[PDB]
Amino acid sequence: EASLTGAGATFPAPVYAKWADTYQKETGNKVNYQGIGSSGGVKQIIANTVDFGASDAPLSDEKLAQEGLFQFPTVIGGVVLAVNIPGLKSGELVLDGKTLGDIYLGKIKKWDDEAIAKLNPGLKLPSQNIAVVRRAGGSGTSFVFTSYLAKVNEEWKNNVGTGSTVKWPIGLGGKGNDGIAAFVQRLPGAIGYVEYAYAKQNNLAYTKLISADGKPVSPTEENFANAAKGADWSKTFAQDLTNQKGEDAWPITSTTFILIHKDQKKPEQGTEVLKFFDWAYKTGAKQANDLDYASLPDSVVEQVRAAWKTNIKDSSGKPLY
Ligand SMILES: [Cl-]
């Protein structure tokens, strides 16, 4: 029985913890995962203070080669806009990318702005102030959210850009996906972006969004998967799944990565990290699905397995898988 430690992205923490809990019950192995944020996850793996780092934002091939890291995706999730608008139920409100950007730009301050009214003709929107909430530190969720906004709002693109950290025009800072859920839940009129599981598990109302194709879509596990159907994984694991074309493609979709060293100095730990993730691909789909994360296609996991065999070695060049 092994004792493993990972750290990073809170985006997939609900499913990683669930997998960790089950894995221990079935095998005795203990995986301790700390949701500290993608930025921290990256610093820890590079500082070798954990067996595996987790980040929603992918490292480039050059950056991976420079740090001697290997990156592989695990699941597909989606970012949603959780809202606390009194008198509205979950899924009722529809926003489009331009309008979401303008709210984040501080250009739209009330819930009954003409712009929101236009997207929701049948709606009785309150003249409530919009309380924008965003991440306090380095966040992979911020990375995918800002990647999406830059694509749909030119002013955001030109003035704030994309990143795990950006100079937010307005908004209160929340710590972690959990912190944003808690803020929205306590601030009437709040809008915050969270990985879907955090909204559902906290009973937060969320909005629908309009697809790249121009259609209103609801955030569901299937719609997260739809957004990835067109990804050429054979080309690279570092797929941009934001604003993807296709029917029922949730527009703010993203996979998330695990980072491990290619040259394993503690090969026993490395072998065990691999087994845990292999077990998760082999047996963790239902648990990911229960939490509304979509599984990667089998073809991708096979690609990942082949890359493990080729890339992960001990200091004697012996593969660990
Ligand atoms: Cl944060």
Side-chain angles (χ1 to χ4, degrees), residues 9-16 18 56-58 73-83 88-101 103 119-120 140-153 177 180-181 184 191-233 237-257 284-301:
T10 66
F11 174 116
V15 61
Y16 288 172
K18 181 65 65 187
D56 313 309
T74 49
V75 299
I76 301 179
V79 175
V80 301
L81 284 302
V83 294
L88 254 60
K89 59 207 168 61
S90 188
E92 281 203 86
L93 183 100
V94 170
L95 291 158
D96 74 337
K98 164 76 161 57
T99 308
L100 185 53
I103 283 169
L119 294 160
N120 300 266
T141 303
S142 287
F143 173 80
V144 358
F145 186 60
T146 63
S147 288
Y148 172 67
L149 292 187
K151 287 187 182 194
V152 290
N153 189 303
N177 262 286
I180 294 195
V184 173
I191 178 168
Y193 52 95
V194 293
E195 196 281 327
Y196 185 65
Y198 289 90
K200 193 161 170 183
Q201 308 308 308
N202 289 297
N203 296 303
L204 307 179
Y206 46 79
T207 84
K208 283 166 176 270
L209 288 178
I210 95 108
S211 65
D213 279 354
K215 302 289 194 59
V217 288
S218 277
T220 71
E221 175 272 301
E222 293 83 333
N223 292 352
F224 296 159
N226 287 334
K229 286 202 277 218
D232 195 9
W233 297 111
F237 291 146
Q239 296 292 330
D240 178 9
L241 303 171
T242 62
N243 210 36
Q244 291 303 290
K245 294 169 178 161
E247 212 59 83
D248 297 326
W250 181 250
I252 319 182
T253 296
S254 181
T255 188
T256 187
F257 310 82
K286 164 81 158 57
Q287 290 192 290
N289 294 171
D290 287 350
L291 254 4
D292 304 293
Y293 288 94
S295 306
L296 268 34
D298 293 331
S299 68
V300 186
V301 345

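Counting begins at 1 with the first residue of the sequence. Only heavy atoms go into these numbers, but all of them, side chains included; no hydrogens, no water, no symmetry mates.
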Between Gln287 and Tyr293: side-chain donor-acceptor atoms closer than 3.5 Å: no

message: Contact between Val300 and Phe237 at the side-chain level, heavy atoms closer than 4.5 Å - yes or no?
response: yes

message: Ignoring hydrogens, what is the shortest heavy-atom contact between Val15 and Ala288? Give both atom names and the distance.
response: CG2-CA, 3.6 Å

field: Backbone N/O of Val75 and side chain of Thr255: donor-acceptor pair under 3.5 Å
entry: yes

message: Would you say that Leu95 contacts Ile191 through its side chain, given a criterion of any heavy-atom pair below 4.5 Å between the two side chains?
response: yes

Side-chain heavy-atom pair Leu241, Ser254 within 4.5 angstrom cut-off: no

query: Going from CZ on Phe257 to CZ on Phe11, what distance comes out if it is rounded to the nearest 0.5 angstrom?
result: 10.0 Å

- line: Looking only at heavy atoms, the pair that brings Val217 and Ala249 closest together is CG2-O, 4.0 Å

query: Taking the side chain as C-beta and beyond, is there a heavy-atom pair between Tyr196 and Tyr206 under 4.5 Å?
result: yes

- prompt: So, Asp240 side chain and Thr242 main chain: donor-acceptor pair closer than 3.5 Å or not?
  reply: yes

query: What are the two closest heavy atoms between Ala197 and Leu291, and how far apart are they?
result: CB-O, 3.8 Å

task: Would you check if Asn243 and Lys151 make a side-chain contact, meaning some heavy-atom pair closer than 4.5 Å?
output: yes

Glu222 side, atom CD; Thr220 side, atom OG1 - distance, nearest 0.5 Å: 4.5 Å

message: The test is side chain to side chain contact (heavy atoms under 4.5 Å, CB included); show your working for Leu81 and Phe145 and say whether it passes.
response: CA-CA 10 Å; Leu81 284 302; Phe145 186 60; 4.0 Å; yes

query: Picking from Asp56, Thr141, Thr74, what satisfies side chain to side chain donor-acceptor pair (under 3.5 Å) with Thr256?
result: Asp56

- line: Scanning both residues in full, the closest heavy-atom pair of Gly77 with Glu195 reads CA-OE2, 3.6 Å

- line: Interatomic distance, CG@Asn120 vs CG@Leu93, rounded to 0.5 Å, equals 4.5 Å

query: Could you walk me through whether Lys215 and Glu247 pass the side chain to side chain contact (heavy atoms under 4.5 Å, CB included) check?
result: CA-CA 8 Å; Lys215 302 289 194 59; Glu247 212 59 83; 3.9 Å; yes

- prompt: Which is it for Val79 and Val194 under the side chain to side chain contact (heavy atoms under 4.5 Å, CB included) test, yes or no, and what are the steps along the way?
  reply: CA-CA 5 Å; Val79 175; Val194 293; over 6 Å; no

query: Can you tell if the side chain of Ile252 reaches within under 4.5 Å of the side chain of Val144, non-hydrogen atoms only?
result: yes

query: Is the side chain of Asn226 donor-acceptor paired with the backbone N or O of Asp248 at a distance under 3.5 Å, no angle test?
result: yes

field: Heavy-atom pair of closest approach, residues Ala228 and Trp233
entry: O-NE1, 4.2 Å

- line: Residues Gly192 and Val184: closest non-hydrogen pair is N-CG2, 3.7 Å

task: Measure the spacing between NZ of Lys286 and OG of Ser295 and express it to the nearest 0.5 Å.
output: 12.0 Å

- prompt: Is there a donor-acceptor contact under 3.5 Å from the side chain of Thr253 to the main chain of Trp250?
  reply: yes

message: Between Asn153 (side chain only) and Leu149 (backbone N and O only), is there a donor and an acceptor less than 3.5 Å apart?
response: no

- prompt: Got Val94 and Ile210 here, is their nearest side-chain heavy-atom distance under 4.5 Å?
  reply: yes

message: I'd like to know if the side chain of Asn223 and the backbone of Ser218 have a donor-acceptor N/O pair within less than 3.5 Å.
response: yes

- request: Answer yes or no: is there a side-chain heavy-atom contact under 4.5 Å between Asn177 and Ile180?
  value: no

Under 3.5 Å: donor-acceptor pair, side chain of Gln239, backbone of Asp232: yes

- prompt: Distance-only, no hydrogens or angles: does the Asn289 side chain make a donor-acceptor pair with backbone N or O of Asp292 under 3.5 Å?
  reply: no

query: Rounded to the nearest 0.5 Å, how far does CD of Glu92 lie from OG1 of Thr207?
result: 11.5 Å

query: Any sub-3.5 Å donor-acceptor pair from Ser147's side-chain atoms to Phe143's backbone N or O?
result: yes

